[PDB]
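**Q** please find the sequence and an experimentally derived structure below.
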Amino acid sequence: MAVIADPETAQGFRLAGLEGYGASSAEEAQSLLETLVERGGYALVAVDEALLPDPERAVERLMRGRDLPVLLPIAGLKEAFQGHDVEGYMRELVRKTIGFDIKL
Amino acid sequence: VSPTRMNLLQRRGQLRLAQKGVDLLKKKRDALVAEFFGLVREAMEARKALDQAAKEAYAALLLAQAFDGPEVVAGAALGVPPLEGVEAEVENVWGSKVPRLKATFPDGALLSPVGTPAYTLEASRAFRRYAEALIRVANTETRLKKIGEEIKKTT
Amino acid sequence: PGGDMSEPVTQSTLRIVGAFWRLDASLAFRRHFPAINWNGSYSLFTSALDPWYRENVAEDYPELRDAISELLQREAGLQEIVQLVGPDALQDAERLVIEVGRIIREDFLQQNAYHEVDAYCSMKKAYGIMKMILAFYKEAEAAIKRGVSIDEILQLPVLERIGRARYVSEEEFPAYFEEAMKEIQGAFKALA
Amino acid sequence: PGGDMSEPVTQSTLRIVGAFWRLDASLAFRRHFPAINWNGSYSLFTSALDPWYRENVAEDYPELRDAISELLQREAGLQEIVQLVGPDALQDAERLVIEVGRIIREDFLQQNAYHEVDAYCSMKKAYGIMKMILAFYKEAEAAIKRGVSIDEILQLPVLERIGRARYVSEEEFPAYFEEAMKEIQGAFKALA
Amino acid sequence: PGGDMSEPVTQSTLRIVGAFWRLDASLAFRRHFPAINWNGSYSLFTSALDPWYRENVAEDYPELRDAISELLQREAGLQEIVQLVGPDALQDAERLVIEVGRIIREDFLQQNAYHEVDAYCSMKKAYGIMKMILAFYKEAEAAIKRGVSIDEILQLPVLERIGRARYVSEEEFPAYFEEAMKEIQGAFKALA
Amino acid sequence: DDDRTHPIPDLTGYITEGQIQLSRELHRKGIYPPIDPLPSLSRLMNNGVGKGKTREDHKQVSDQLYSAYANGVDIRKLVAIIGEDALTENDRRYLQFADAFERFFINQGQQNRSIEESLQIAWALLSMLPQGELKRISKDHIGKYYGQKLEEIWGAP
Amino acid sequence: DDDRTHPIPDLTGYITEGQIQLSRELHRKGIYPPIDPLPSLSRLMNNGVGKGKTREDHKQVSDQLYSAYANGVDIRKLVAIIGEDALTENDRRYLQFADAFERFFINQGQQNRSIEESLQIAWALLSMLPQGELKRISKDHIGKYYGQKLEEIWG
């Protein structure tokens, strides 16, 4: 599998034995994601949450034909140590799936 | 369509069949929503576990970067190759196939058996656990999205 | 014949009647009597009868009645949500109106004529019950604004006085109504 | 006139006959003969002829015929779901019933009046075909409980042995039936 | 009476007339005039008039007319698919057909009978509009295979030249036609 | 034509009190007599049931049987789509109750059952449902008739 | 009104010995002659065909063509509900058979065909389906005639 994030964590991701790439901007990370999708990559590609919350929304022009790699936003360096509200993210997820935005 | 009594009876039968089928589809939708509202909380718990794993892995990586220095970190990154073996076995959910992730996590993919770089090895262990946390999160999220699309289709 | 309202006798009758009370056996299934469809029924005598009500029953009867009709209408619009999502997974502002609609249906739009103090309902009695229901809803909404668990709202003992206001005697009613009106001001201000 | 079964001659005939073999134009369009509508046909002489069938064909023949009728009724019930959601949305215990009903319709009920052999069929040949079909259905139902996929059960070569038992001559059927009954066991003893 | 085309007067007329121009209420309700149903209409004089067209307008007129009829048939076929999956789920090759069919419907078939210029249309003006529409369709079909998005094509300013083409008078149409053809051939070259 | 809007069935409904309807499905499934309880109705039943003329648990038992059968027939149709494992426990209990009811209560053949026999069989069928599911029955009757086994009529159905 | 149950077609069908029915759907698609095979009939067909008159494989080929076209029409009805992408691999063959049948066997224009040409085209069309589906043809005729490809004629 492949992981893309800030370059300050690519070495740490490689320390796990996984492929890790670095990115610093929205368009650079998007181009790196497109290059990873275009090649015969593996079944998972991880993207930075703080930069690209919705990675599939732009790559579905290529990923609707073949959907073997799975995209996922992972938390970044600057926001992990303060935490993020997973509750609001799941509320937005239910909004994308159901649309009622009523949940407790 | 020619108007005959037989045609009228056939059309009334078709109307009754449609009226039954609507309620049957509504019951199926209720069952799907019942499954979905537990799958969502499973995904939430997996997400917070992944957040904790990310926090501890980043702390260990910062400790390895500061004290041991970028030289040992770069050497460890050079000595540890990426992993190529993955499994994408198909799972069946309501007649729709979904990929179920399984990473092999093999022996010999990590080197430098001496424990002298203590800060680097613990970061390696933390990222190793981060891998399976991410795998669990992805495995829940794919099923959640597929159930959502099934509910969309039935509605 | 089949329950269809397009039958020529029904069409001819509907053209001239001033009131139209439609029934159905679906409420008879739930032992809800009288089984009048409050959505399909209507009356054209409401405007002309209001001066009699305000001069002889209470000066604020029509406004309160319209408010209760609106509260009943608001319950019906949420049925497109409870049909997909369960009836407990709703927010406070929707669960409150669903609960008050159930209370209204099961204590004001339901009646039995085999009991002495309920078979014949005076206008003052109905006005008092309506006042209690509206006051309960208003204080519950005000407490929800202050912030409180909605399960406490579905548990407070004052709620049972609405149910037990039907069986007070007709000449015994006003003391009971004043007692409930002074009780309701007590529980919802301190415990919420 | 025009296939309308509400014709006075047809309705008057219904109340004085013992058997009713209704034909269908939809089956005749697709060249499926004798094109008998199974849903709109009946017979009142079935219960009175059971001792003759027991003493002249086999002791268990009425049970086999009733099992075939129950299979056809089950297949007819499920067609109002396939029309809604398609055949691929059902479970395997329903796909098996659908395929068995298709096999029965396209093998047992169908008959060519211009073929050399298929034009005439004695009672024992029909009994043998029914026995083979029921044995296959029992074995296929047993195989599902072991987790065998339905999509390969119908690929077995014995389905073509069943589907061409119509054209076997009357003097060759007593051996063909025995070899097919042995082949059923020999195929279903170990699928995969 | 009531738009029923099975009435005796309508059915007794279809046996002698050589053309049948069927009007539709659905198009007339949406102010789409002349509201001719192009699926239920027909003409039996099309074949006999071809030699006149081959010498009095252009030698490729029947081929152009048949191509546009085929485009309309393809759009009408795709209309069943688009109504249950939405216009987004179709690919580029189908969305192009949908948009071209909409352009043909709103810019060629429609005709205002009260406008100063649009009330009367000659044969050569319609031929020029037909040529412009099919040239645009062929250029867009060629440019689709180069990965160009449908969004980039539908935003092109040359689309408004087709829409306003029917309001040009007869004395000014050939120059407009030449300029529009040059613009059509140039804008897609400027496109990627 | 199995049409209830024909004048002969239509006018008979206005004059008579209730009806009993036979079902072709139960007939083709081998059940005799093929009486379908769901479209059946008797409009003078409440004046004949009760203590002093029969047993006092008649009406509540009949109502509970009707409701349970009405649930089971729809659960049986949902099963063929969603599968048996996707059900809950009470859904499978109702699914068992429906076909046990059809096999034992209705399919009596040429038997002659007194009212006590039929009430006993009805209580035996209701015993497969858990306590608290029987909302329409008073607890005094439940404390006296619940919990009996079905194997009596099983000796010769 | 294209009504088959009108008194004149009803009595004519009751008196005569078959009919050749034209289809407006095939006419709107440019197919000439627009003869619909399913509602058509010929009662005296069995007297004039067979061995020693036309060929020994005439009747079985006709029956198999009728059954396959009926299956294709039913699958066309199904794809209006479930979509063609949700089909199995078996039904796509029937769908393509129905389309190719309408486009090649019926749409012949103004040309004159002998019986051998029509039987050759029919056997070319039947070769699209798998060999195991031909339940109404004797295996001898399948061995003798199956296998030709339509590209040798209309390629």
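**A** Okay, I see it. Numbers count the residues shown, from 1 in each chain, chains lettered A, B, ... in the order given.
**Q** how about the residues of chain C by chain A?
**A** C:81, C:84-85, C:89-91, C:94 (CB under 8 Å from any CB of the partner chain). (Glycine included, C-beta is placed from N, CA and C.)
**Q** residue contacts, residue B:102?
**A** Applying CB atoms under 8 Å, 6 or more residues apart in numbering or on different chains, we find residue B:102 in contact with B:86-89, B:135.
**Q** among those, which two are most distant?
**A** B:89 and B:135 (12.7 Å; CB to CB).
**Q** the two - which one has more neighbours?
**A** The residue with more neighbours, out of residue B:89 and residue B:135, is residue B:135; 22 against 11, by other CB atoms under 10 Å in any protein chain shown.
**Q** out of the residues of chain C next to chain A, list just those in helices.
**A** Secondary structure from DSSP state H places C:81, C:94 of the residues of chain C next to chain A in helices.
**Q** neighbour-wise, which one of the residues of chain C next to chain A leads?
**A** Greatest neighbour count in those, by other CB under 10 Å, goes to residue C:90: 21 neighbours.
**Q** residues in contact with it?
**A** Residues in contact with residue C:90 (CB under 8 Å, 6+ apart) are A:102, C:78, C:81-82, C:98.
**Q** go on, residue C:181?
**A** C:131-132, C:135.
**Q** any chance of those residues in TSV, plus distance to residue C:120, secondary structure and neighbour count?
**A** Converted to TSV, the contacts of residue C:181 look like this (distance: CB to CB, whole Å; DSSP: H, G, I helix; E, B strand; the rest coil; neighbours: other CB atoms under 10 Å in any protein chain shown):
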residue	distance to residue C:120	secondary structure	neighbour count
C:131	20	helix	19
C:132	20	helix	22
C:135	25	helix	17
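**Q** quick one: which of the residues you listed is nearest to residue F:95?
**A** Ranked by distance to residue F:95 (CB to CB), those are led by residue C:132 at 45.6 Å.
**Q** quick revisit: which one of the contacts of residue B:102 is nearest to chain F?
**A** Closest approach between those and chain F, by CB to the nearest CB: residue B:89, at 21.2 Å.
**Q** does that closest one sit in a helix, a strand or a coil?
**A** Classification of residue B:89 using DSSP: H, G, I helix; E, B strand; the rest coil returns strand.
**Q** residue C:133 and chain F: what is the separation?
**A** Applying CB to the nearest CB, to the nearest Å, the value for residue C:133 to chain F is 27 Å.
**Q** which helix in chain B runs the most residues?
**A** Per DSSP H, chain B has its longest helix at helix B:5-63.
**Q** do that helix and chain A meet?
**A** Yes. Helix B:5-63 reaches chain A (CB under 8 Å from any CB) through B:36, B:40, B:43-44, B:47-48, B:50-51, B:54-55, B:57-58, B:61.
**Q** which of these tops the neighbour count?
**A** When neighbours are counted by other CB under 10 Å, residue B:57 leads the residues of helix B:5-63 next to chain A with 27 neighbours.
**Q** residue in chain F with the shortest distance to chain C?
**A** Nearest residue of chain F to chain C: residue F:10, at 6.7 Å (CB to the nearest CB).
**Q** that residue: neighbour count?
**A** 13.
**Q** next one: it from chain G, what distance?
**A** Distance of residue F:10 to chain G, computed by CB to the nearest CB: 27 Å.
**Q** correct me, but that residue touches residue F:4?
**A** Yes. Counting by CB atoms under 8 Å, residue F:10 does reach residue F:4; the two are 7.3 Å apart.
**Q** any idea how far residue B:106 is from the residue of chain B found nearest chain G?
**A** In chain B, the residue that lies nearest chain G is residue B:2 (4.5 Å; CB to the nearest CB). From residue B:2 across to residue B:106, the span is 73 Å (CB to CB, to the nearest Å).
**Q** neighbour count: those two, which is higher?
**A** The neighbour comparison of residue B:2 against residue B:106 (other CB under 10 Å) goes to residue B:2, with 15 against 11.
**Q** my guess is the more buried one contacts residue G:3, does it?
**A** Yes. Under the criterion of CB under 8 Å, residue B:2 makes contact with residue G:3 at 5.1 Å.
**Q** between these two, what contacts are shared?
**A** Counting by CB under 8 Å, 6+ apart, residue B:2 and residue G:3 have no common neighbour.
**Q** what's the distance between the most centrally placed residue in chain B and chain A?
**A** By CA atoms, centre = their mean, chain B has its centre lying nearest to residue B:139, at 2.0 Å. Here the criterion is CB to the nearest CB. By it, residue B:139 lies 9 Å from chain A.
**Q** phi first, then psi, for the nearest residue to that residue once chain neighbours are set aside.
**A** Closest residue in space to residue B:139, ignoring its immediate chain neighbours: residue B:101 at 5.5 Å, by CB to CB, 6 or more residues apart in numbering or on different chains. When quoted as degrees, to the nearest 10, the phi and psi of residue B:101 stand at phi -80, psi 140.
**Q** report the closest residue of chain C relative to chain B.
**A** Chain C approaches chain B most closely through residue C:84 (6.3 Å), counting by CB to the nearest CB.
**Q** quick check: that residue touching residue B:33?
**A** Yes. With contact defined as CB under 8 Å, residue C:84 counts as touching residue B:33 (6.3 Å).
**Q** anything in the top helix by length along chain F near chain C?
**A** In chain F, assigned by DSSP H, the helix with the most residues is helix F:58-82. No. If you take CB under 8 Å from any CB as the test, helix F:58-82 misses chain C, and the best it gets is 9.7 Å.
**Q** residues making contact with that helix?
**A** With contact meaning CB under 8 Å, 6+ apart, helix F:58-82 is reached by B:23-24, B:27-28, B:31, D:78, D:81, D:85, D:89-91, D:94, F:37-38, F:45-46, F:49-50, F:87, F:91, F:94-95, F:97-99, F:101, F:105, F:119, F:122-123, F:125-126, F:129, F:134-138, F:141.
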